[PDB]
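What follows is a single chain, given as structure tokens, in the form deposited in one PDB entry.
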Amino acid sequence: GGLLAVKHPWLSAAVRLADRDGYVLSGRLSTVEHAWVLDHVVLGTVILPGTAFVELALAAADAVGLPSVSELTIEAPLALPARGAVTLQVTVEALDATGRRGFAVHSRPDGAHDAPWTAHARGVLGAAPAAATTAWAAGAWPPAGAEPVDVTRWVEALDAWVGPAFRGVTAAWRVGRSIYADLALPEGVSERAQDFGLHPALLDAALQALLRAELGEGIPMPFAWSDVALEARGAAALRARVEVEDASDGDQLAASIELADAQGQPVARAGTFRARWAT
């Protein structure tokens, strides 16, 4: 024994270091078992979506007893092999005075114990506001004055090469600064949605909602996250409120995401997520 058990599709083991105040989490991401991940294709290459690093961080967070991610930045995409697996590792660092720990997410081609590790994401685990109220999701759906948004169109930025698991927006509307949306996964991927804290395809769908609103040149590309917390795990379809921040969206897009189930109760919140426009 001597290993802490983590209940997650992509993480299986955790050790507390005796050398340092820290933890090392380990796992495997097999393309054969999560085939849906292959639907996330970016310019010809299957890329692990950024929301998957959010889920990995959220899982490490609960494992070391610090729920929520304070900050998360993706500095390198993780390309996945069709028909294969990747080894993952989360390094968690010391506790600071704020009551938070830094962390990093690494990957290594599976079976290659010789191969070097690759850093993909860094951030801070810690105490964040866990949205206990989603006032907007209760009551009339969509909210009063909601103007429907065309999700059904094909935008190169979103639908090129992509398989059905990442076409997860049923409906969307905009009211002032807010985008509201119905998010749902396809019937096949919905199966294991209970197995994730928040299904990465489900959380990506909230980003598709905002991208199809702000493309209705350059593509806003998400790379960073703040104050992300999970209230209810295993959600398969939810209502979303995406509120864009006013601060001259043009060089860099920033928005808030909150998520609620069909019954109006809170599921998750991301205080802000950052995207930067680029070709």
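Here, rigid core means the biggest group of C-alpha atoms that superpose within 1.5 Å across both forms. Each residue number is its position in the shown sequence, starting from 1.
Omitted from view is the form deposited in another entry, to which the following refers.
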Just one entry of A119, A130, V175, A115 has its C-alpha move 2 Å or more between the shown form and the other one under rigid core superposition, and it is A130
Rigid core superposed, CA of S30 - does it shift 2 Å or more between the shown form and the other one?
no
If the C-alpha spacing of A130 and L58 moves by 3 Å or more in the other form, is that a move closer or farther apart?
farther
Since the CA distance of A132 and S178 differs by 3 Å or more in the other form, is it closer or farther than in the form displayed?
closer
